[PDB]
Structures are given as structure tokens and as C-alpha cells.
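Asker: Before I ask anything, let me first share the structure, which is written out below as C-alpha cells.
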Amino acid sequence: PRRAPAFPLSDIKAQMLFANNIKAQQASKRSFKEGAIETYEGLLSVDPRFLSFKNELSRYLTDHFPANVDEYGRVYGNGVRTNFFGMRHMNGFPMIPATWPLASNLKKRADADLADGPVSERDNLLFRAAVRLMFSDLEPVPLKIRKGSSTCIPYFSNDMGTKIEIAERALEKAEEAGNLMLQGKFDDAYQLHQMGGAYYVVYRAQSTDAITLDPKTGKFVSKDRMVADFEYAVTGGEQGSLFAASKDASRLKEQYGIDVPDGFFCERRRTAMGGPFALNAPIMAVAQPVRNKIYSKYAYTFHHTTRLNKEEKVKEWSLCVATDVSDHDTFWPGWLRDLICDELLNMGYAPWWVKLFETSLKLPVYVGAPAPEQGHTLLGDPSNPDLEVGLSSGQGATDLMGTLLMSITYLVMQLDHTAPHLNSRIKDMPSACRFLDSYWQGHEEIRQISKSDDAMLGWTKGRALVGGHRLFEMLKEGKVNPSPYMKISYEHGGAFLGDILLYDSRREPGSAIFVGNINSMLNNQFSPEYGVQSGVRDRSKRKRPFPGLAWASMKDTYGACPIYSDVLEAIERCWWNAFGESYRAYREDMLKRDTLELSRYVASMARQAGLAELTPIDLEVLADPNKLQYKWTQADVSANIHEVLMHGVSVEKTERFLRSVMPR
Ligand SMILES: [Mg+2]
Ligand SMILES: [Mg+2]
């Protein structure tokens, strides 16, 4: 069922992806690299005192604070959902090998008994209504770009000036490029305007992953993570093998002279992709206005900020179902890309823009280095983009693609299993739009709060409530998938966008509260994804610009966890045992240094201004801007702080671009 073409780096098709500059050439050739991360300034993730600390703390906390999750996956009591062994990784050292990304997910979906298109006309109307509501009366805004982000294929530039020039040129030439693609001239569109080529595969660390302590043996067991070899990836699983990657860290002693304590493992590695910036810029210019619409008009379903903001919605429900989606991005259906494109064309969107959008979701992928002596291969032919990878992480609208799929998937689940009496309200496009508009505003007896693959489904009092309880029971049983679209189950320890839903004895949403996840505090403080990058002079370009600032927002973020104080005291005690120093004093010093450094970056901040005008969100984002890519949005951050992390193309250039894309 068609193997994807593959080209080695030596091939002209792969050579054309990398411009004639040092950075692009280094990116093409970059071999497998590993090493301890600089967790904090002057501290390596593999420092013997740090690993001794992690061993003592993970063991103590698991012992004293066992998980309090009921038969229905509801968190109660201590607010703990698993053991604390997830911190036991040699950060910066990955599992070997990392996966080869699947060129086609069609067989994967078919074998999982998932649909190859909308099942019924109702579902087809609902997916199409989502497009009409999301993409209709949009307002132009400046195109914001993350500082220090790469332009990837073909230039691999990290320079803001160059990135602004590339983006402005892309908005000027997107029409000409899209029209070339409509003529099947993909090579011309790429050669002339750098729109096409491929996604560049970067493997990112998932710093904490499941580890269990076997009581029988007293030995730790790391969660097996299945990886596809090259053959499996190019054949969509028809040939080759899917096997467990090796998380064994013993190798670090032999290879690097690093002492590996018992029960410490190599990190899980996830595929991440970087899009060709010239293709992403015209997509982002439409994606940002879409987010502004859904986060304003449909704020109920889509705009999530604080634990109390979430709580106010959930408390009004009679039933709250916390769902889980298995491997969202890899299962994301190409038929949805095609349905979205078809509907945008029906709405009157510029065909050239729709073509650029369609192409961004069929693009080839350049595999860097999954393991030593592996990679440097282009999957798919850039002359005719035809891949079915699912959802590419670096596509300009990935969040919206996952949100569109999932919001409708959950609504369909509620209709099928709980609310057949609402089917008569979805007869045609106008009625599908009116119903969805009402549902997304939280005006129906069936409700939801969602973001991509994370959601909480609600039922108020009414006819659907009884069905709601049967659906929850079906999820608990776990024998039948409630959706024809994706693999849905209930979350083991219900949470929404980082906040755990803490139930009491009643196990009802009315008396349940949202609390910060204490395990996430530990993940962020002791297992960061990236090092401090102390050699990157411009802090705003770092993955962790101001790590010290997270101490100032900690109480606001995690203070509501039942065991907050217990954890901080356990940290203090264990850090004293390991370093002979006060962790609290160490973090207070880092907080002071980073507060002072911050004023250099904020125009409104005087030489020693302090954090007085900054919110807890501002502080969490300055310590971890990745939270701005999965948890929060631009509007949640103070304007003077957003400017530290992002730069924009003028609204004058985007306004002119948007006028040419949009209907009448
Ligand atoms: Mg899952
Ligand atoms: Mg969740």
C-alpha cells in the first residue's frame, strides 16, 4: 500500500533543503548528540549530589504520599496521581533509538478501527460548521515570531531581522507560490519562495516518564516506549518493526565515565518538527486571528487561564468526564485536512492560500539523528507532497487542527451516547452552525472545556445526564471505544491543562476544586527539558530565559495542592542531606539575580524595578516560554512581557495580506 520514497542526504532532493550557509549545512549533517544538561548555573543533571537528592526525595515522597485516585480515575485526598519516580532520569541522555516518523498513518488508523472520513452526514456538517465558526469574521493582527526560533528549511536562521524579512517577503509572495502549487509546480514554489521542501525532525526530551518500583525484586522498571525502525516508518507499518527503545543508562559509565545510581534511566525522546518558515508565515497570519476569535466568542470552551477560571465552569456541572486521547498527533486524520480545505474553499477563501495550507499538512520530513550512525534521510518527495504523518508539530496551526478535530469528536461522543434528542437540531449547515455556536458558548445541557487532546466533558441536569453516566461507565469498563474518530479513554487522575480536579467524599463536580499538580512542580524544578544555556547572551532567546522567577509564582501555581508544604519541607531536608545547603536560600538568590537581569529586557522596568507589576502567568512564562505554546496564549501575558519573548511583523503588512486571503 505504497512505500514512501526515501532519499539520503547526498541526494539532490535532500541537498536542496539546505541553503549554502554554515548553519543550514550543520543542520543537515548534525550527528546524534547527548550530554548532561546544565540544570541550573553550575549544576549538571548528573552531579552525584543531585542524583543522591533525587533518589532520596523520589523514594520519600512516594512512600509518604501514595496516589489517591479512585476506580473512576478521580483524584481525591492528597491530590497525588502517581509515584514520584518520574524524576529519576539522566537528563540530556536519550533513550536509543528514537522513532522514525511514520510516513503514512492510514493503516495505523484502519488497524485501530478508526474511520477514514465522517461516519454520518451530521458529523460531516459538524466538522464543516467548526470551520465556518472558526474561520469566518476574523480581524487582522501583527504576525508574532518567537525570539531566537529557527526559520528551519532552507536557511536555518535564528536572527530576528532575517526572520522578519523572510516573513514579510512570504506574505508578499504567498499568492504567487500558492498558484504555482495549484499548477503542480511545487519545485518552482520552493525554489522561488522557499514554500515547500520538508519539516526538519528534531527530537525533544520528555524529561520525566513513568518509572515503577517492583516490590518483588526491589528494582526500578522504566515504561517501555515503542519506536518504529526506518522500514516500519516508510511502509506505514506494513513491513519493518515496532520495538521498545532502550532507556538503560549503564552505558554512560563506559562511554562517559558517569556514575549511574540504581534506578536511573535515559530520557524518553519525542519527535518534534520544525516547519519551513516561508510556508508557515502565511499560515500563522490566519491562525492568530482564528485563536483571537475562538478565545473571545467561544471563550467558554476554548479560553483557559487560572484554576479558578476552570473551576467556575466545572462547578455548574452535574457530571464531569476527564478524557484521554491515545497518541493524538500520529492518529490525526488527513481526511480532516481535506475536509477543512474543502470547506474554506466553499466559504470563499483564496484558493492559493488553501493550497499552501493543504501542502503544509502533506509535506515530506527530513530525519536528522534518531540514534548513532542513523538518520540523515528525507522521507517523501518534495516535488509532489503526499505524506500522511498525521499532525506535524511545527505546522503554523497545529493547536487549531487538534482543537477542531477533538472538539467535534467529543461533541459527537456526547450526541451518540447521551443526547439523541439534540440530533433534530442538526439538519443542514445553518442549523449545524447555530447549534455548534450555542454548544461552544456553554449554552447547552451538554458542555466541554478543551484544548487539543486535553478535555473535560460536562452534563448539566436534563435528559442527557443519564446517558452521561452510562458513557462514563463505558469508559471505566474500557472494552469499547466510544468514538469512531480517535482512541478515547478516561484519564487516570483527571486533570485539565495542568490542574488536577480534586474531588471530595461526594465525588461530584459541584464540590470539586482545581489544584496545581505538585508532580509538575517537581518536574519543572528538578527535571527541566533544557539546560540553562548560560552561553546564550540574549536571555530572551533561551529556552529558559529567567529560571529563578518560577520561585516567585510557585505559591500561586502550587499552593492549593494538599501536600504543598510537605513537599517543600521534604525538598529542604533532602537538599540539606545532599548538598549541605538550604534549597530555599539557593532559590531566593537565583530569584534575586533573575529579577535584576529581567529589568535589562523590560523597557518599563528601571535598573532595580522588582516583580510588583507581574502576574504569576508572566513569571511561569519567563521561566518557561514553552508554556506559551501549549498552556497559555498572548492575551494571558502582560504586554510588556510578551515583547520580551516575541517580535512582530507590522499589522499594515498583515492587514493587506489578510484582505487578499479572506472572503469578500
Ligand atoms: Mg494515552
Ligand atoms: Mg487531562
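Residue numbering for chain A follows Swiss-Prot; the residues present correspond to positions 2-665, in that order.
Cβ coordinates come from backbone N, Cα and C, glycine included.
According to Swiss-Prot, the feature Mg(2+) binding site maps to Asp454, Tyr491, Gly495.
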Asker: Cβ within 8 Å of the Mg(2+) site centroid (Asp454, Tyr491, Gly495 excluded): which residues?
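Answerer: The answer, listed by sequence position, is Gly74, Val322, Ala323, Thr324, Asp325, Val326, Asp455, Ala456, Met457, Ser490, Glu492, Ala496.
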Asker: Under 8 Å Cβ to Cβ from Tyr491 (Mg(2+) binding site), same chain, six or more residues apart: give me those in sequence order, or none if nothing qualifies.
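Answerer: Expected: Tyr73, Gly74, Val322, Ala323, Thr324, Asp325, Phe473, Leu476, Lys477, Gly479.
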Asker: For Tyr491 (Mg(2+) binding site), just give me the three-state DSSP call.
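Answerer: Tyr491 (Mg(2+) binding site) sits in a strand per DSSP.
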Asker: Tell me, how many other CB atoms lie within 10 A of the CB of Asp454 (Mg(2+) binding site), whichever protein chain they belong to?
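Answerer: There are 21 of them.
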Asker: Just counting, how many other CB atoms are there within 10 A of the CB of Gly495 (Mg(2+) binding site)?
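Answerer: Taking every protein chain into account, the count is 25.
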